[PDB]
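# Inside the fold
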Amino acid sequence: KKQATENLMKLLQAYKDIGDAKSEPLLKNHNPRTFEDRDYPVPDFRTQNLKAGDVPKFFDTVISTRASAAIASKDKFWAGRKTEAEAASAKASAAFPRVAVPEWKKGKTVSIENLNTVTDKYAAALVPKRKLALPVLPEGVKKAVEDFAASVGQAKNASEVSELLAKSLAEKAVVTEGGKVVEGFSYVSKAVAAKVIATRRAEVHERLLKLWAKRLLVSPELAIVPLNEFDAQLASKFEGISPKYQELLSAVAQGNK
Amino acid sequence: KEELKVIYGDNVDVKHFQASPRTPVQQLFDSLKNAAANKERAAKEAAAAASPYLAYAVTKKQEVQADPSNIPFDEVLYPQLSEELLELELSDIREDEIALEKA
Amino acid sequence: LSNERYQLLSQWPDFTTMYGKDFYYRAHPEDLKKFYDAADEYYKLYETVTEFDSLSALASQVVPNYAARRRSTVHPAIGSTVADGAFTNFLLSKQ
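The notes below deal with the structure included here.

### A few points about the overall build of chain B
In terms of regular secondary structure, chain B is built from eight helices and zero strands. Each helix (α) and strand (β) of chain B, taken in turn from the N terminus, gives the series α-α-α-α-α-α-α-α. Principal-axis analysis of the C-alpha atoms places the extent of chain B at approximately 70 × 30 × 25 Å. The buried share of chain B, taken over its 103 residues, is 33%. Residue pairs at least 24 apart in sequence account for 32% of intrachain contacts in chain B once pairs closer than 6 positions are excluded.

### Topic: the packing of aromatic side chains
Taken as a whole, this structure holds 20 aromatic pairs over all chains when the rule is applied. Ring centres of A:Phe45 and A:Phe59 lie 5.6 Å apart, and the angle between their planes is 70 degrees; on these two criteria the pair is classed as edge-to-face. Taken together, the residues span a long stretch of sequence, with A:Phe45 in the loop between α1 (2–20) and α2 (55–89) and A:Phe59 in helix α2 at a distance of 14 residues. For A:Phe59, a relative accessible area of 28% corresponds to the partly exposed category. Arranged with centres 6.0 Å apart and planes meeting at 35 degrees, the rings of C:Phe87 and C:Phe90 form a pair that is tilted. Taken together, the residues C:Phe87 and C:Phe90, both in helix α6 (residues 80–91) and three residues apart, mark about one turn of the helix. Members of the aromatic cluster, each reached through a chain of ring pairs, are A:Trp104, C:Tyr6, C:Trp12, C:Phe15, C:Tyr19, C:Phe35, C:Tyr36, C:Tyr42, C:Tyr43, C:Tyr46 and C:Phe52.

### A few points about a nonpolar patch on the surface
On the surface, A:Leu208, A:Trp212, A:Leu216, A:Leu222 and A:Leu227 cluster together into a nonpolar patch covering about 440 Å² of accessible area. Tracing the backbone through its elements, the reader meets A:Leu222 in the loop between α7 (193–218) and α8 (246–252).

### Quick look at the packing of helix α3 (residues 112–123) of chain A against helix α5 (residues 52–65) of chain B
Interaxial distance between α3(A) and α5(B) falls to 10 Å at its minimum, and their mutual angle equals 25 degrees. In terms of axis orientation, α3(A) runs roughly parallel to α5(B). As for the relative orientation of α3(A) and α5(B), their crossing is right-handed in sense. For the pair α3(A) and α5(B), the contacting residues are A:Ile112, A:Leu115, A:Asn116, A:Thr119, A:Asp120 and A:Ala123 in the first and B:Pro52, B:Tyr53, B:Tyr56, B:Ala57, B:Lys60 and B:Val64 in the second. Residues that form the contact of α3(A) with α5(B) fall into these classes: eight nonpolar, two polar and two charged.

### A word on the pattern of salt bridges
A full pass over the atoms with the stated rule returns 30 salt bridges over all chains. Linking A:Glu103 and A:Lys105 is a salt bridge whose minimum nitrogen-to-oxygen distance equals 3.9 Å. Among the charged side chains, a network of salt bridges with common partners joins A:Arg200, A:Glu203, A:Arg207, B:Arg94, B:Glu97 and B:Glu101.

### With respect to the side chain of A:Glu221
Residues and elements named next belong to chain A. As for its placement among the helices and strands, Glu-221 is situated in the loop between α7 and α8. Despite being buried, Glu-221 has no salt bridge partner; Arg-215 is the closest side chain of opposite charge, sitting 12 Å away. A polar side-chain atom of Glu-221 sits 2.6 Å from a polar atom in the side chain of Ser-219. Non-local contacts of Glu-221, meaning those with residues more than four positions away in its chain, are made with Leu-249, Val-252 and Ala-253.

### Observations regarding the nonpolar core
With 27 residues, the main nonpolar core has A:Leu12, C:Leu9, C:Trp12, C:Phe15, C:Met18, C:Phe35 and C:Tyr42 as its most contacted residues. Elements that contribute at least two residues to this core include exactly α1 of chain A together with α1 (2–9) and α3 (29–49) of chain C. Considering every element that reaches this core, the biggest residue donor is α3(C), with eight residues. Formed by nine residues, the second largest nonpolar core is a distinct cluster that contains A:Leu132, A:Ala170, B:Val25 and B:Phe73.

### Some words on the interface of chain B and chain A
Interface extent is often summarised as the accessible area lost during association of the parts. Between chain B and chain A, the contact holds 42 residues from the first and 46 residues from the second. Of the roughly 4,000 Å² buried at the junction of chain B and chain A (both faces included), carbon and sulfur atoms supply 71%. If you sort the residues of chain B by the area they bury against chain A, B:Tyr53, B:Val76 and B:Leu100 come out on top, with a joint share of 15%. Across the chain B-chain A interface, the total number found is five salt bridges. For the salt bridge of A:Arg33 with B:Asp92, the shortest nitrogen-to-oxygen distance reads 4.0 Å. On inspection of chain B and its partner chain A, the count reaches 10 residue pairs in polar contact. Considering every element that reaches the side of chain B that touches chain A, the biggest residue donor is helix α8 (residues 86–102) of chain B, with 12 residues. Classifying every residue of the side of chain B that touches chain A by side-chain character gives 27 nonpolar, three polar and 12 charged.

Criteria and cut-off values
Residues numbered from 1 in each chain as written, not as in the entry; some residues may be left out. Chains lettered and ligands numbered in written order. Part of a larger assembly, values for the part shown. Heavy atoms only, no water. Helix = DSSP H or I, 4+ residues; strand = E, 2+ residues; numbered from the N terminus. Buried < 20%, exposed > 50% of the residue type's maximum accessible area, 1.4 Å probe, protein only. Contact = heavy atoms within 4.5 Å. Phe/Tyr/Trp six-rings, centres within 6.5 Å; stacked < 30°, edge-to-face > 60°. Patch = residues over 30% accessible without salt bridge, like charges linked within 9 Å, V, L, I, M, F, W, Y side chains within 5 Å. Areas by Shrake-Rupley, 256 points an atom, 1.4 Å probe, with all protein chains shown as cover. Salt bridge = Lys/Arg side-chain N within 4 Å of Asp/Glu carboxyl O. Axes fitted to C-alpha atoms, helices over the stretch in contact; angles between N-to-C directions. Parallel < 35°, antiparallel > 145°, perpendicular 65-115°, else oblique. Left-handed = near helix turned anticlockwise from the far one by under 90°. Nonpolar A, V, L, I, M, F, W, Y, C, P; charged D, E, K, R; others polar. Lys, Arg positive; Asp, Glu negative; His and termini not counted. Polar contact = N/O pair within 3.5 Å; in protein donor to acceptor, adjacent residues only side chain to side chain. Core = buried A, V, L, I, M, F, W, Y, C linked by side-chain atoms within 4.5 Å. Buried area = accessible area lost by both parts, 1.4 Å probe.

Structure below.
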């Protein structure tokens, strides 16, 4: 089991090395969209002799075939990646650090000064390898600026005059890697990136609202075939389309008189 | 909800933080607005820990967990990952925008 | 004996140095689930080798069978080498 874990840790180092030599994105090969073929010949439902309710079941098995063939193409990537890393796993370094356990000799005891430096090694890996230097304002400088505002007489608003000094360093907080500042490191946060998504969702949803605005200004009878029951009507020929809504759509199209 | 239950209570209003997550500055100021009850909970737990090994272990864990510089930011840690997790939703929207440009 | 097994859990590679997401996403999804199972296995082995309050009841599974061999009808300290050496005296003398 120690050798299986050293084999797995050497394998996950081989995966990280030959994926950083190829410089590939992290999520690219785990995304099965990237193994999907968009230039497939896309089977036409008008040449497959479908009846009225048969077209959405045709669409589902063209999709789920093309999705299964992208998943099975992702599996063929990773099964070929595995043998590429297992070949380099066999020629690897195997110089890993050991798990910090408290030192226990054969007939001796365990000192608490060694149980505690082991616990220091567990809580020194709880810090992240690259972190924002998010500054807390100490009370040694939050009072030296509070009473400087209270010597001028802003002791009633002495709460807010400190928080702006806290936030002005918090907002341009720099990142530190190993205690040293890596400089020229711009990060896009998770509240910025969720604002890029929320505006991009609103500018595509208003194109859907503008799409259906034109189709219901010209042809307002389209609002009587519900959107889920639409391709349940289709067929391969136009005469095969289900007449559930045909005679209703023709009479709503003629107007309100 | 569970990540923010420890700060905003039980009626956390998870809709507000799903839509607009809190910035790295608001994660800081939610750390600092519970730190006095966090350093006093750890001192009340280290006093009633079963042994002086566990008493050091609940203060050393809180000495790391109460520092706001130790909050792991995935965008700071893995910058190429959080841009690619952005382009999973920007590519899902772009496929809905190509469908409306074709229409 | 638990110390000799604890000494080989001391020489276990630090798997928590590969918990980052640059090892999560570069790795095969089945070789990562094996890695997370091999890390859950070490905590199974380590939490039972440090269960030293269970050694005092394992010693009581050795005691009663030993103590019945000492309740011999011949002698407490009898063994085969002595009782074979005293068959040589018994057999290779006259009747």
